[PDB]
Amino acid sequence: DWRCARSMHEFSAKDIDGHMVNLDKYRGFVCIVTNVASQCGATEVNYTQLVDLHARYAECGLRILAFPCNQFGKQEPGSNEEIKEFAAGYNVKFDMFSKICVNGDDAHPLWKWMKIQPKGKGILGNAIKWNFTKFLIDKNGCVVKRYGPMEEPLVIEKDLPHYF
């Protein structure tokens, strides 16, 4: 039962190449989990700053899990292969996953779970509101903060020292 999970580490997800990833591999690492899109007004700032954070903090254990999602204005219409090439244009070295839903009955169970964590609460409901929502995950796999679609990734930086 996804609702009874205690940690992100209990979940698995397909990477953007189609291979299953056990998210227990992130135990001991602080993670940003985010839903991404290629044709969003915020695409450039989010990819640029996620790549920047990953570069400057990997030595501290920062990992980033990017889930493409086409549910918000159909702004991620491409294939997984096309999305991987798009991320390559931003020199992404963090982890890209296969396209998923984040809302609704067919949402990936990790996203169902994050949305009902105590610190994953949304505003006027827990649904993901738009592209580039972010969840901060601590080293034990627990949700510790949620950031809205308009909060650029650099806003997360001041919170990282509380979890490294």
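One-based numbering along the sequence shown.
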Higher avg CA temperature factor (55 to 63 vs 95 to 103, as deposited) belongs to 55 to 63
Regarding 130 to 138 and 39 to 47, which shows the higher C-alpha temperature factor on average in the entry?
39 to 47
B-factor third for the C-alpha atom of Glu157 within its chain:
middle
Going by the entry, which third of its chain does the Cα temperature factor of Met20 land in?
highest
How does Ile116 rank on Cα B-factor within its chain, lowest, middle or highest third?
middle
Taking the chain's C-alpha temperature factors as the reference, tell me which third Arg146 falls into: lowest, middle or highest.
lowest
Taking the entry's C-alpha B-factors for this chain, is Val33 in the lowest, middle or highest third?
lowest
